[PDB]
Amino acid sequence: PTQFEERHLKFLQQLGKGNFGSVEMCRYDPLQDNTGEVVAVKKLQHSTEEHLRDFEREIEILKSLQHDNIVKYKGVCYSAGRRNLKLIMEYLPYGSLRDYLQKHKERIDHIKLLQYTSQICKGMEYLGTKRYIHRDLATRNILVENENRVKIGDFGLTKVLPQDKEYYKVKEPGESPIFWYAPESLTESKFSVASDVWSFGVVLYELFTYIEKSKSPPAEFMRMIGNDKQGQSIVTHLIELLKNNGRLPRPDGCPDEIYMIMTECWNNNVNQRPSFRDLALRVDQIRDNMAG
């Protein structure tokens, strides 16, 4: 119901950058009196026909979503042609859950951690009904609205399942977050609802270590690979470690019932991992049992 144009978009400050794109804070101001609404804006640095095509698919996915725990779509800008396309989304002042939690950690207890966990489960349950696979679940990619609510973000790798099958195979892997990936994703490039469940397991580990740098997944796995070899790639060493049942340890002070959920999510067999339905019920019941 509304298209945006270049001449009313005003730069305020930087929010982030990668190898192919960047994000900015701007004010849309068509009356030119500085009363306009503040928004967040994405654009591409290096436009290859391939990357430009992936960008337009990201936008169609975002249009179709409406849920309390998922980030809101606003519009698009074609003022300078297809090769200079921009995306407009809602601005959330508190930023990412990774950044927020490091800052305000002395006011966040085990009960609060489980509130965030529950809301993430509800969001993924909704994506499942549309047959979408997220592919990039991590605390850097969740956003905060206020002290009692969070939403799922960055949909830049998301895919749709075929009508006939229960997995999608990706042609040409990109630059990947290997320390959050399932084994059959690493060896065969297969992604599914089940591989999203392995990733949710690692998010729960991030939360109960309070996002400390020195206990992060990259730090722990590199420690476990060791000091010697010598002769192989880093990803080759990781695939071998996982085949022989090596896993991340229990965080200091983690409850029995929460640690059991982690171990179940990290099963080698895809057919033996739990559902997002059951995960929501179990988490809510544990939170109630701490209440009284």
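In this text, residue numbers run from 1 along the sequence as written.
Averaging C-alpha B-factors over each stretch, which comes out higher, 244-252 or 23-31?
So the stretch with the higher mean C-alpha B-factor is 23-31.
May I ask you to compare 164-172 and 150-158 by their mean CA B factor in the entry and name the higher one?
Taking the mean C-alpha B-factor of 164-172 and of 150-158, the larger value falls to 164-172.
Which of these has the highest Cα B-factor in the record: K213, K130, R140, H110?
Spelled out: the listed residue with the top C-alpha B-factor is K213.
Report the option among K86, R83, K122, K72 whose CA atom has the maximum B-factor in the deposited record.
The C-alpha B-factor peaks, among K86, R83, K122, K72, at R83.
Looking at the entry's B-factor column for C-alpha atoms only, identify whether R277 ranks in the lowest, middle or highest third of its chain.
Middle third by C-alpha B-factor.
Lowest, middle or highest third: which one holds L44 when the chain's residues are ordered by CA B-factor from the entry?
According to the entry, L44 has a C-alpha B-factor in the chain's highest third.
Going by the entry, which third of its chain does the Cα temperature factor of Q102 land in?
According to the entry, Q102 has a C-alpha B-factor in the chain's highest third.
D228 - Cα temperature factor, lowest/middle/highest third of chain:
Highest third of the chain for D228's C-alpha B-factor.
Third of chain Cα B-factors occupied by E50:
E50: CA B-factor falls in the highest third of its chain.
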